[PDB]
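Here it is: the structure, laid out below.
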Amino acid sequence: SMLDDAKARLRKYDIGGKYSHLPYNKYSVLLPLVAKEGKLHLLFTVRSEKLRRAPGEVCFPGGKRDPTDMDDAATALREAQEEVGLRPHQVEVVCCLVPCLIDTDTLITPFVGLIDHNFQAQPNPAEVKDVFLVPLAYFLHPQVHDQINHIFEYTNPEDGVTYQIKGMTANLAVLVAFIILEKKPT
Ligand SMILES: O=C(Cc1cccc(O)c1)Nc1ccccn1
């Protein structure tokens, strides 16, 4: 099946806990996969304009590890719950992708999660201005604008709203699309 095939692909890129004990400032992100209308989508947040770090930018749910977290995957799930109301029973964490090094002292670990079909986002307005889906296949043929670094523009055909996706967020979206969608019969 589509979901079994995605999980099987994702598992081949799982690095697991290999890098998780290293003494960094630690953040986790959830790359949330949603199946709608026969296709896979990624769920993105738009950060509240109130936030000091990157107000109004598109990112994945996630945040800083805290002492309660049993592991890095727990960080991502805790933060996703706080930000968009995703409950742990509504997500299956399939794997841990390549961590992202930033600022010399920070390590961001991404987890891919399969999201339950009955989940409906409840944006927490103190943290999240908007939540939206992008079809995973979009990231294979994105609409690119050079700002000189590359920015994706995605227009939701439901309402005509355009979102800008860039940086680590855009890079991780492409990675997940390659992993899941490369080399498939039609
Ligand atoms: O803070 C995060 C996770 C993260 C961590 C490092 C980089 C990044 O782009 C994203 N995501 C968030 C925070 C508030 C509202 C929505 N989403």
Side-chain angles (χ1 to χ4, degrees), residues 1-16 27-48 57-65 68-100 108-140 142 152 154-159 161 163 165 168-182 184:
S1 69
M2 167 167 83
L3 288 171
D4 284 5
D5 287 344
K7 293 192 259 191
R9 287 289 188 82
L10 288 164
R11 286 177 193 126
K12 297 182 186 280
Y13 301 82
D14 191 18
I15 76 146
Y27 294 73
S28 297
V29 295
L30 185 66
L31 279 29
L33 279 172
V34 177
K36 297 297 188 201
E37 308 174 310
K39 307 180 301 156
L40 295 169
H41 296 72
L42 282 165
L43 181 153
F44 295 86
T45 67
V46 180
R47 294 165 69 76
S48 156
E57 293 202 340
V58 171
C59 70
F60 289 115
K64 194 165 166 47
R65 178 158 179 170
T68 72
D69 293 326
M70 290 294 294
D71 57 24
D72 288 327
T75 306
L77 297 188
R78 182 174 52 72
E79 292 278 341
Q81 189 166 358
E82 174 62 38
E83 291 152 9
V84 302
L86 183 71
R87 290 158 72 186
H89 74 89
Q90 299 185 116
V91 52
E92 185 186 0
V93 175
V94 181
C95 70
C96 177
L97 293 178
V98 286
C100 305
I108 304 172
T109 306
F111 293 86
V112 184
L114 298 194
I115 301 311
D116 187 78
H117 74 304
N118 292 135
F119 164 77
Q120 296 195 128
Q122 299 181 246
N124 170 358
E127 285 159 1
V128 167
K129 177 158 64 159
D130 195 3
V131 171
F132 64 104
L133 301 178
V134 183
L136 190 62
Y138 167 86
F139 295 99
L140 303 184
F152 299 160
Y154 172 70
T155 305
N156 182 354
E158 292 290 303
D159 64 12
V161 175
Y163 300 90
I165 311 178
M168 186 191 67
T169 300
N171 281 262
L172 288 170
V174 170
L175 176 60
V176 173
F178 287 174
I179 287 168
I180 296 178
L181 303 174
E182 72 169 343
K184 292 249 288 211

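Every heavy atom of this structure was used, including side-chain atoms; hydrogens, water molecules and symmetry mates were not. Sequence positions, counted from 1, serve as the residue numbers for this chain.
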Go through it in stages, so that I can follow the logic: the residues are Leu30 and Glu79, the test is side-chain contact (heavy atoms from CB on, under 4.5 Å), and I'd like the CA-CA distance, side-chain angles, deciding distance and then a yes or no. CA-CA 9 Å; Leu30 185 66; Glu79 292 278 341; over 6 Å; no
Is any side-chain heavy atom of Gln81 closer than 4.5 Å to a side-chain heavy atom of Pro88? yes
Give the minimum heavy-atom separation between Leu97 and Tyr13, together with the two atoms involved. CD2-CB, 3.9 Å
Within-4.5 Å side-chain heavy-atom neighbours: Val161 and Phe132: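 Sidechains of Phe132 and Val161: no contact.
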Can you tell if the side chain of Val98 reaches within under 4.5 Å of the side chain of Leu175, non-hydrogen atoms only?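 They are in side-chain contact.
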Flag the pair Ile15 / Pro99 as yes when at least one side-chain heavy-atom distance between them is below 4.5 Å, and no otherwise.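 Yes; the side chains approach each other to less than 4.5 Å.
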Minimum heavy-atom distance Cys96-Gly16, with the two atoms named: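 What the structure gives for the nearest pair is SG-O, 3.5 Å.
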All heavy atoms of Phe178 vs all of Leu140, minimum pair found to be CD2-CD2, 3.6 Å
Output for pair (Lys12 NZ, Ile179 CD1), nearest 0.5 Å, gives 12.0 Å
Rounded to the nearest 0.5 Å, how far apart are CG of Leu33 and CG of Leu3?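 Reported to 0.5 Å precision, the distance equals 8.5 Å.
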Looking only at atom types and distance, does a side-chain atom of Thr109 sit under 3.5 Å from a main-chain N or O of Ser28, one as donor and one as acceptor?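 Between the backbone of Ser28 and the side chain of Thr109 there is no qualifying donor-acceptor contact (under 3.5 Å).
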Gap between atom NZ of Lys36 and atom CD1 of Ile115 - 0.5 Å precision: 10.5 Å
Do other residues, nucleotides or ligands put more than 12 heavy atoms under 6.0 Å from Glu158 CD? no
Parallel, tilted or perpendicular, judged at 30° and 60°: which one describes the rings of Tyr138 and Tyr154?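 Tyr138 and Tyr154: perpendicular rings.
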For the residue pair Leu42 and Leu172, establish whether any side-chain heavy-atom pair is separated by less than 4.5 Å. no
Contact check, side chains of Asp5 and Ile180, non-hydrogen atoms, under 4.5 Å: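 The answer is no, as the side chains (C-beta and beyond) never meet within the 4.5 Å cut-off.
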Quick check for you: to the nearest 0.5 Å, what is the distance between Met70 atom CE and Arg65 atom CZ? 9.5 Å
Do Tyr163 and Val134 pass the side-chain contact (heavy atoms from CB on, under 4.5 Å) test, and can you show the C-alpha distance, the side-chain angles, and the key distance before you say yes or no? CA-CA 10 Å; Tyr163 300 90; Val134 183; over 6 Å; no
Closest non-hydrogen atom pair, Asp69 against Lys64: OD2-O, 4.5 Å
Shortest non-hydrogen contact from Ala177 toward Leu136: CB-O, 3.5 Å
Can you tell me how far the CZ atom of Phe152 sits from the CG atom of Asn171, to the nearest 0.5 Å?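 Rounded to the nearest 0.5 Å, the CZ-CG separation comes to 7.0 Å.
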Using only atom types and a distance under 3.5 Å, with no angle test, would you say the side chain of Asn124 pairs donor to acceptor with the backbone of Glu82?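 Between the backbone of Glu82 and the side chain of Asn124 there is a qualifying donor-acceptor contact (under 3.5 Å).
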Sub-3.5 Å donor-acceptor pair from the side chain of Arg9 to the main-chain atoms of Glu182, do we have one?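 Judged by distance alone, yes, a pair lies under 3.5 Å.
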Which atom of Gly85 lies closest to which atom of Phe119, heavy atoms considered: C-CE1, 4.0 Å
How long is the gap from CZ on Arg47 to NZ on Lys129, to the nearest 0.5 Å?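 Rounded to the nearest 0.5 Å, the CZ-NZ separation comes out at 12.0 Å.
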Do the non-hydrogen side-chain atoms of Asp130 and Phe44 ever get within less than 4.5 Å of each other?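 Side chain of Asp130 against side chain of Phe44, heavy atoms only: no contact under 4.5 Å found.
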Close side-chain approach of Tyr27 and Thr75, heavy atoms under 4.5 Å: no
